[PDB]
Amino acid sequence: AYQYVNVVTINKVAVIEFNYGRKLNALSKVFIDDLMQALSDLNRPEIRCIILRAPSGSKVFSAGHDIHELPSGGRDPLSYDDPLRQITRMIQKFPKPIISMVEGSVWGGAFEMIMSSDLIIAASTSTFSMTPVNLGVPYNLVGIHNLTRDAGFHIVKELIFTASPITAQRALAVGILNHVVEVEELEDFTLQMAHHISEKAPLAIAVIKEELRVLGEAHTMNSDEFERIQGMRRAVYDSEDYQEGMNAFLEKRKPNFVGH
């Protein structure tokens, strides 16, 4: 059993349901460690497809990164072993398909988390925002890359630069979602597709998923370019604005950004 998730398996399909609603399923270390343990426990030959979901009737699918656990001490907020960074790698390397079944609003790191999964099926009332420019966070290269494989560059830059929510209808139209259904059809539609996938050849699915993962990462650059980017990110996480972003969030007020 798990403190922060609930797992139900029938036949070859496992549903991992978030159980962290008192914190709006924020991506706290304790929540992510339990989600990763649950996925690892399901890495068995008789499990063929995973669904990730919030409880039925959730207003908020996930509030994203826990803003209390963001470092404000001049440390990289999105280093390789940060919980958000660990869960996106683990989803992408997992040798079974992972479907995000979305009811409610999706924020920031949680939007990256569902974009790292294999398919997204969403309620017609679900909404999606990408929020680092609301907090002054310098998103990392891997995290940004995870957002660029579905919608085009102009659409991705609108989502990030405005931090404005988009509807499930627009998220379908721009190529982010696989399917949008009425919320009362969401579970039945998603289970039908998951159980269908579980009848197909699992070893062929696993190697094709791994081929897609490698090709998706195969945007290569030299060491100088990476180190130049890391210097730019460091200047951001050393900024007055980054302190103001976090301060405004916990004081429940609007940040005032100034460009330092």
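The numbering used is simple: start at 1 and walk along the sequence shown. Between two forms, the rigid core is defined as the largest C-alpha subset superposing within 1.5 Å.
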Between 106-114 and 71-79, the one whose CA atoms sit farther away in 5 other deposited structures of this protein (rigid core aligned): 71-79
Comparing average C-alpha B factors as deposited, tell me which of 13-21 and 236-244 sits higher. 236-244
Read off the CA B-factors in the entry, average them over 182-190 and over 69-77, and name the higher stretch. 69-77
Among the choices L135, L159, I114, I121, identify the one whose CA B-factor in the record is greatest. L135
Of the three thirds of its chain by CA temperature factor, lowest, middle or highest, which one includes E210? lowest
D224: CA temperature factor from the record, placed by chain third, in the lowest
Going by the CA temperature factor in the PDB record, which third of the chain does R53 belong to: lowest, middle or highest? lowest
CA B-factor ranking of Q230, expressed as a third of its chain: lowest
Grab the CA temperature factor for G216 from the record and place it in the lowest, middle or highest third of its chain. lowest
